[PDB]
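First comes one chain, alone, set out as structure tokens in the form deposited in one PDB entry.
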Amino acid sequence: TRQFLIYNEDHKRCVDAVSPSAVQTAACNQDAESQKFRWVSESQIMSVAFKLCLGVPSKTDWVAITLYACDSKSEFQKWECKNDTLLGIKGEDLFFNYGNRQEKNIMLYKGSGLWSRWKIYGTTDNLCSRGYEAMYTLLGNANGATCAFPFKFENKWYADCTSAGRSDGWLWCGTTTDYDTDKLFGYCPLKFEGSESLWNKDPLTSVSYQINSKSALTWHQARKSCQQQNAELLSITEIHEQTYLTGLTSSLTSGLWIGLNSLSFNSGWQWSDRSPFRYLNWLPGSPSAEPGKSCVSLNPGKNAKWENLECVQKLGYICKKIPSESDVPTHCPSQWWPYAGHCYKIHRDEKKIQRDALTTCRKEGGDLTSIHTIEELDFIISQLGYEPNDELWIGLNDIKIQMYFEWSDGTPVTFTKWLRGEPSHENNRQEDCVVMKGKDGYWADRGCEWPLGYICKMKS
């Protein structure tokens, strides 16, 4: 996925590493290891066959591009994409070029024509689209540090993770260049026989969880580690899910990053996997009113309740794994208005407490509105008659099960859009009902015993 051939459209040829001193071109061959390259840092491109990096002797016109021992400090090994498909040495208008003066070697060249433009073979994208993706190690002795490609083991160089030196087939990488000297490694986030033993599958739900308690990563690094495993940071949307994760972490004490955060300045608490924030299990004193603490850790030594911390804290973490043809005219009863097969109405006449608003909607054949998409929310605010300074009941509430918000109409909660700072759900304030308020129609919990207007919904 992260190895690529380097393709020139005009010549219809791919780069081919012939030797450390001969980087040329050949008819493209997706199986040829000598045609395979990979980003091993932000700016370095490594030959997979040779475990050496493309570089130049100087940043000057018409010098050969060949292969050097990879060196992250060398300016002569740094490449960048200019315009779109122009490939050049960093910091100069000098380009990776093939075709001039009967020269079979790639040359660094002042020219910026089509012979200096390159794409990832099999795509329409430039090389920097499949840029460097740091690979965070699992278990091991390096606390989740990233693979250092290429790395040396038994005096041999590795361009990718390997099972060399092992009897169990597990794939690992050095987290420094010289593993022989430094002995720092971890296992790679890749598929291999036995790799699923890094996950715990809930038999009730078939959802899988990975508890990385030995790693020390920031919230954003931890998120990248889960993402590159086709996963995301833990989200917790059911009581059972919390109970299951409490048990899986019951012998741990240090904090574990989960996916909950307040990193969107204009909205409230949210899961990084876009799950609804509808279940709350905060530690006492959280979420705290401290502006820099926008990322949430599960504290396994305190019954796996949650606390918000500074995102740069290095912790373990937990992964979890034109109208449409159907938009036909919609029948609605008088005073109700259609959207996506349902009918809606705002009650402003007589403000009511939440439970009386609910009774009224139901006597009229509907219910307090549920809201399942941003488009449904946008219909309400932009067309239905909502004004920015409104505050109106919707159907979300945790009256039946404290800390577990549900829709009064019984439909699943699959979407939340909370105001900044919401849900606040402050101790002893009984904020068990929910309103839409403010110019964006975002939501807030609040006490249920206050007269307000409200929004009803029904099926057409």
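The numbering used is simple: start at 1 and walk along the sequence shown.
Per the record, residue 321 and residue 322 are separated by 4 to 9 deposited residues that have no coordinates. If you average the C-alpha B-factors over 167-175 and over 193-201, the higher value belongs to 193-201.
Comparing 211-219 with 126-134, the stretch with the higher mean C-alpha B-factor in the PDB entry is 126-134. The maximum CA B-factor among the listed residues 84, 367, 356, 232, taken from the PDB record, is found at 84. Per the deposited coordinates, the residue with the largest Cα temperature factor out of 362, 305, 278, 104 is 104.
Compared with the other modelled residues of the chain, the Cα B-factor recorded for residue 271 ranks in the lowest third.
Split the chain's modelled residues into thirds by C-alpha temperature factor. Residue 36 is in the middle one. Residue-level temperature factors show residue 431 in the middle third of its chain, judged at the C-alpha atom. Residue-level temperature factors show residue 142 in the middle third of its chain, judged at the C-alpha atom.
Sort the chain's modelled residues by C-alpha temperature factor and residue 121 lands in the highest third, per the entry.
What comes next is about the form deposited in another entry, which is not displayed.
Taking the list 147, 36, 354, 260 and the motion between the shown form and the other one, the hinge point where C-alphas stop fitting one rigid part best and start fitting the other is 147.
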